[PDB]
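Shown next, in structure tokens, is the structure this report addresses.
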Amino acid sequence: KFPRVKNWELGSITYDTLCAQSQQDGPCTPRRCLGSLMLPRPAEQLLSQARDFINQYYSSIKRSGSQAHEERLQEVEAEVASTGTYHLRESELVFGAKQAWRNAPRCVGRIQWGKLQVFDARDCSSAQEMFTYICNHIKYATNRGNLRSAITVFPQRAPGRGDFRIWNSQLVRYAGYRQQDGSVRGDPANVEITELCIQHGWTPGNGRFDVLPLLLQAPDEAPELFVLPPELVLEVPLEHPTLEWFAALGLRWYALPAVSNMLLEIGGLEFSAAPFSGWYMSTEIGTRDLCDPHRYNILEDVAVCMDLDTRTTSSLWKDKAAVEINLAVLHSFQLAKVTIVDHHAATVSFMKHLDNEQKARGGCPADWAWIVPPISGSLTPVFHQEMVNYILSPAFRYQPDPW
Amino acid sequence: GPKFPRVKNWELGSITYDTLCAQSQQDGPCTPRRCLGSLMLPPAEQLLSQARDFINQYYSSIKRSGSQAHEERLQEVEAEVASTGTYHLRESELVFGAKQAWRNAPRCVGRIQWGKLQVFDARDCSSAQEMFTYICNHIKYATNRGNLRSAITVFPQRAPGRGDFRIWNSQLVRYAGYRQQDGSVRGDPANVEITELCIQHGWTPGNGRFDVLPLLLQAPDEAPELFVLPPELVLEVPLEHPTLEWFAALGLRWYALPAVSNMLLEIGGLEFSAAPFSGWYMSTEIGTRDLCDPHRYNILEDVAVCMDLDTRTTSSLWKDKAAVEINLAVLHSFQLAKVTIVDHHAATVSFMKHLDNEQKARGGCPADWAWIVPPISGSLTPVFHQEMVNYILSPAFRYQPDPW
Ligand code: HEM
Ligand code: HEM
Ligand SMILES: Cc1cc(N)nc(CCc2cc(N)cc(CCc3cc(C)cc(N)n3)c2)c1
Ligand SMILES: Cc1cc(N)nc(CCc2cc(N)cc(CCc3cc(C)cc(N)n3)c2)c1
Ligand SMILES: C[C@H](O)[C@H](O)[C@H]1CNc2nc(N)[nH]c(=O)c2N1
Ligand SMILES: C[C@H](O)[C@H](O)[C@H]1CNc2nc(N)[nH]c(=O)c2N1
Ligand SMILES: [Zn+2]
């Protein structure tokens, strides 16, 4: 009923009682576990999610059962009954966005959950306005290299109409241009979005690190194209502390990781555009973005530069090259004074987070496969820690692509 | 789409559907409400039903399903159980069942080799001395002077109110771990308990970092007996590095033969409590886990110091650099000594081949993602980008409680 959770390095045990608060089903059944899959395959229900959430909020400010709490429940009941929906107060939105981050099982960065700047953009009525808000978000979060976590929340989904959406998967992404002979120039993960940007009238570049425009969509309208001013997009040229040829690879990455395709669910309400951003963990760039074979795929090139023996896997050329690239990422961000965290530091701070949440809430939802870094897994404390995954609300969810 | 889990590979963009999971007769630990896949640990006519199912599986695998021989074997099994409460496997049924328990093991990346397993039948064994003889022959065959061969030895099955055959060691070859006066451990900390049990049963202990443990072997309703493995039978590999000359001076070594001795082999409801099985190593098991786990030999710092890394800051990636060199030392030294070993790249490539074989042969393959993905360079291997369905099929290897 309540899972026993063991750490195998330390021998310590806890019990997860928080999981009893889950009201949504994940993908697993007793017959089979689907925990390694990336994606999933009336008024009285909105009302009961709304009550839960308002109960969560008054409990958080230590005012459960108070006058303010009781009247807010009534405001919500009256509004749903008359209209089929309701609206959040700004402070409730602020609390709900922090909770959705806190509740995100795939995020190793949750020790920071309390420190989140929330921009209320729910008075947005046009793609133009979305663009201004997003530029403000980026300027704030970037902070000249001293990165600050942020989320901008555009207007909620409504029964009668289309969604506000950002078509891009992140605010900052490099173009992937499909070539004559089916090779890719740039980031292969962004081929389709690059093609959508072009067909909506973007004049494309022809480099490996061409920052994409945004496609922003106000309800029931064609998406609109907005070029991000180059001065807003902070980037870090990649070089290596001792390998001098490395800088000649012309490699670079952007400071700001900002997710823009996820849906923020709070108290039954859905925010289909609510982009959020923090700072990078070095392995996201050094290992996945640069070394994935279906991404920039630079491993072999680096290994050859290092004069390694590329003909046999057993020389561990791939491992040796991957470490140096992750090292180049860390050194380069440090040198350019741009916030970054390495995978050892991040995972140690996640273990602390696990302990804080154990005392605070009797548990912490975590997806082991996503928490464990993609190199040096067992060299991190999290490798050795059992984890319970489940869905709490407020939540960030996946949603279908708008096109 | 199909009413079965859809499974994607994100590197290649390819899709399969797992139909094999429908044949799972046993619940794992997950529910719709929470996933517990990262956790290391979880008969009147219930036996008949498991036996019938296994016999159906055997008759399928030889293509005699629905035949007269198939129906007669069924009848023979229920009659035996009807009159004695248990039944017994034919030789060829044991061989099939043992290979299928390996095939079915969600945590094993070596499964491409599953059809190639020497099965030693030791169901006539009646004493601890004879268990020892059997085990020694297994070790000789399996080791084959460095050209390793997968093998399993199967001792008599659990019987109605009669003691189990048990091997007390979790592996046939393990290094002692000696609890020191200052709280620390000399040798392998994983093995402090079994080490202290061996002494308690009369072993005279060494005091080294790599003392091979004796076996504690238990025949039915008898105290376990202690058996020292003849040293010439236990092939070890001293560890050296290909370019770092000082690495040899560290005096590290590991044994050639990984052989699990504490797992239960269940076949058709029959339970083989002593059934040691063995293969060859994947290099990360030694150079990443056994040598670098903090709660194991823990040599990362020492190696990083020799390599002159900055061990005072995480962001120098000293741990990552030392671990790569240790894994390379393990591969290099096994190669030089001509002892079969597989690195984590080759192993994982071969496991993807296996997945594609099993998709065609059976419609899926149970796989535990967290165990299959290697402990270093995870996303550098193809298995990282491959979704996996995990579920229990039988025949199976299972954990069982310690005999003490
Ligand atoms: C402050 C620094 C932060 C760090 C170092 C960090 C770290 C990470 C990392 C490494 C991932 C895995 C990314 C991947 O493999 O694609 C991730 C996932 C995620 N994080 Fe964070 N995070 C930070 C801030 C935030 C913030 C502010 C939020 C939201 C308010 C957030 C919410 C999420 C969500 C929803 C996911 C899952 C993304 C998905 O499913 O695709 N994180 N986090
Ligand atoms: C041929 C070479 C083989 C290789 C390279 C190999 C590889 C591995 C590896 C790397 C693991 C993970 C173990 C750990 O981290 O503790 C493992 C687990 C396992 N393998 Fe294999 N294997 C091989 C042969 C065998 C054989 C012959 C059997 C049985 C007949 C077997 C059955 C198992 C089982 C049951 C586990 C899970 C053990 C547990 O849950 O504690 N493998 N294998
Ligand atoms: C098919 C598919 C759909 C979907 N929605 N998401 C994915 C993978 C998720 C993901 C992919 C990338 N490239 C980057 C991030 C930013 C991760 C991040 C966020 C923050 C806020 C900080 C940080 N360090 N990293 C997340 C795949
Ligand atoms: C003490 C203990 C008890 C228990 N119930 N479970 C475990 C974890 C499993 C395990 C642990 C270790 N150290 C070694 C192996 C050999 C794995 C192996 C086997 C074969 C046959 C080949 C190979 N390459 N590796 C398996 C440990
Ligand atoms: C199939 C597998 O679940 C998939 O490759 C996951 C593994 N772990 C991950 N972990 C993180 N942090 N990000 C990822 O994209 C993935 N990919
Ligand atoms: C907590 C987690 O379940 C545990 O540490 C697992 C992770 N993956 C593993 N993978 C393998 N192959 N072997 C292991 O012992 C483990 N340990
Ligand atoms: Zn699961």
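Quick one: is A:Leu335 in the same structural domain as A:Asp309 (by CATH) and away from ligand 2 (no atom under 16 Å from the Cβ)?
Details: in the same structural domain as A:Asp309 (by CATH): yes; away from ligand 2 (no atom under 16 Å from the Cβ): yes.
Yes: the conditions hold for A:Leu335.
Just to be sure before I move on: is A:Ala336 more than 14 Å from ligand 3 (Cβ to nearest atom) and surrounded by 24 or more Cβ atoms within 10 Å (Cβ to Cβ) in the structure I sent? Even if it seems obvious, please write down each step before you answer.
Values: more than 14 Å from ligand 3 (Cβ to nearest atom): yes; surrounded by 24 or more Cβ atoms within 10 Å (Cβ to Cβ): no.
Answer is no for this residue.
Using beta carbons and a limit of 7 Å, which pairs, at least six apart or on different chains, have the first residue in region B:336-361 and among the acidic types (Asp, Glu) and the second one in a helix (DSSP H, G or I)?
Short answer, once both residue conditions are applied: B:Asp343/A:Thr313; B:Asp343/A:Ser314; B:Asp343/B:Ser283; B:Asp343/B:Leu331.
Listed residues A:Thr14, A:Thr29; which is away from ligand 2 (no atom under 16 Å from the Cβ), polar (S, T, N, Q) and part of a loop (DSSP other than H, G, I, E, B)?
Details: A:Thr14 fails: part of a loop (DSSP other than H, G, I, E, B).
Only one candidate passes the filter, namely A:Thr29.
Across region A:386-403, what is the number of residues that are outside any loop (DSSP other than H, G, I, E, B) and more than 8 Å from chain B (Cβ to nearest Cβ)? Give the steps one after another, and end with the answer.
Going residue by residue through region A:386-403, those that are outside any loop (DSSP other than H, G, I, E, B) are A:388-389, A:391, A:395-397.
The next check asks that each one be more than 8 Å from chain B (Cβ to nearest Cβ); those that pass are A:391, A:395-397.
The number of residues fulfilling the criteria is 4.
Residues to consider are A:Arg63, A:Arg51, A:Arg72, A:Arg41; find the one that is under 30 Å from B:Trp10 (Cβ atoms) and among the basic types (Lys, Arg). Walk me through how you get there before you give the answer.
Values: A:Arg63 fails: under 30 Å from B:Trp10 (Cβ atoms); A:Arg51 fails: under 30 Å from B:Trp10 (Cβ atoms); A:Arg72 fails: under 30 Å from B:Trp10 (Cβ atoms).
Of A:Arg63, A:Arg51, A:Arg72, A:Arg41, the one residue that is under 30 Å from B:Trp10 (Cβ atoms) and among the basic types (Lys, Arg) is A:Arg41.
Pairs please, first residue from region B:383-399 and closer than 13 Å to B:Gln23 by Cβ, second anywhere and away from ligand 1 (no atom under 16 Å from the Cβ) and among the basic types (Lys, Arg), Cβ atoms under 6 Å, 6+ apart in sequence or on different chains.
Listed by first residue and then by second, the contacts come to B:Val389/A:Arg32; B:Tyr391/A:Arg32.
Do we have A:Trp245 as surrounded by fewer than 20 Cβ atoms within 10 Å (Cβ to Cβ) and away from chain B (no Cβ under 14 Å) here?
Working: surrounded by fewer than 20 Cβ atoms within 10 Å (Cβ to Cβ): yes; away from chain B (no Cβ under 14 Å): yes.
So A:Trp245 fits the description; yes.
From B:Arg123, B:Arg149, B:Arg107, which residue is within 16 Å of ligand 7 (Cβ to nearest atom), outside any strand (DSSP E or B) and of a type in the set (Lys, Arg)? Walk me through it before giving the result.
Details: B:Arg123 fails: within 16 Å of ligand 7 (Cβ to nearest atom); B:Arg149 fails: within 16 Å of ligand 7 (Cβ to nearest atom).
After applying the criteria, what remains is B:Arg107.
Scan region B:313-322 and give yes if some residue there is in a helix (DSSP H, G or I), away from chain A (no Cβ under 12 Å) and farther than 27 Å from B:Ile392 by Cβ, otherwise no. Outline the logic, then answer.
Here is the first cut: in region B:313-322, the residues in a helix (DSSP H, G or I) are B:314-316, B:318-322.
Next, only the ones that are away from chain A (no Cβ under 12 Å) stay: none.
No, that holds for no residue.
Within region B:72-94, is there a residue that is within 14 Å of B:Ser394 (Cβ to Cβ), surrounded by fewer than 17 Cβ atoms within 10 Å (Cβ to Cβ), away from every other protein chain (no Cβ under 14 Å) and among the small types (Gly, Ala, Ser)?
From region B:72-94, those within 14 Å of B:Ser394 (Cβ to Cβ) are B:89, B:93; that's our starting set.
Right, trim to surrounded by fewer than 17 Cβ atoms within 10 Å (Cβ to Cβ) and you get none.
Within region B:72-94, none of the residues are within 14 Å of B:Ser394 (Cβ to Cβ), surrounded by fewer than 17 Cβ atoms within 10 Å (Cβ to Cβ), away from every other protein chain (no Cβ under 14 Å) and among the small types (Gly, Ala, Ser).
Assess whether A:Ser22 counts as being more than 10 Å from every other protein chain (Cβ to nearest Cβ), among the polar types (S, T, N, Q) and under 29 Å from A:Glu90 (Cα atoms).
Values: more than 10 Å from every other protein chain (Cβ to nearest Cβ): no; among the polar types (S, T, N, Q): yes; under 29 Å from A:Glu90 (Cα atoms): yes.
So A:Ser22 fails the test.
Could you please find all residues in region A:180-235 being closer than 25 Å to A:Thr142 by Cβ and in a strand (DSSP E or B)?
Within region A:180-235, A:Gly186, A:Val211, A:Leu214, A:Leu215, A:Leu216, A:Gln217, A:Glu224, A:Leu225, A:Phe226, A:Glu235 meet the criteria.
Exactly one condition in (1) crowded, with 24+ Cβ neighbours inside 10 Å; (2) at negative phi; (3) not hydrophobic (A, V, I, L, M, F, W, C) is not met by B:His354; state its number.
Failing condition for B:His354: (1).
What are the residues in region A:332-344 that are closer than 27 Å to B:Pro294 by Cβ, more than 7 Å from chain B (Cβ to nearest Cβ) and not in a helix (DSSP H, G or I), if any?
To start, the set of residues in region A:332-344 that are closer than 27 Å to B:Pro294 by Cβ comprises A:334, A:340-344.
Those left that are additionally more than 7 Å from chain B (Cβ to nearest Cβ): A:334, A:340-341, A:343.
Correct list: A:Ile340, A:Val341.
Quick check on this structure: which one of B:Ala347, B:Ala329, B:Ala370 is surrounded by 17 or more Cβ atoms within 10 Å (Cβ to Cβ), facing another protein chain (nearest Cβ under 9 Å) and in a helix (DSSP H, G or I)? Break it down into steps so the answer makes sense when it comes.
Details: B:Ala347 fails: facing another protein chain (nearest Cβ under 9 Å); B:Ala329 fails: facing another protein chain (nearest Cβ under 9 Å).
From the options B:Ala347, B:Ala329, B:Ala370, the qualifying one is B:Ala370.
Search region A:377-392 for residues being of a type in the set (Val, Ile, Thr) and within 16 Å of ligand 5 (Cβ to nearest atom), and hand back the single one that is nearest to A:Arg106 (Cα to Cα). Can you show your working first?
First, the residues of region A:377-392 that are of a type in the set (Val, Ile, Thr): A:380, A:382, A:388, A:391.
Now narrow it down to the ones that are within 16 Å of ligand 5 (Cβ to nearest atom): A:380, A:382.
Details: A:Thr380: 16, A:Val382: 13 Å.
The extreme case among them is A:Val382.
Basis: the model, the stated rules and, where named, an outside source; no laboratory instrument gave them. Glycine also receives a Cβ, built like all others from the backbone with ideal geometry; neighbour counts cover every protein chain displayed.
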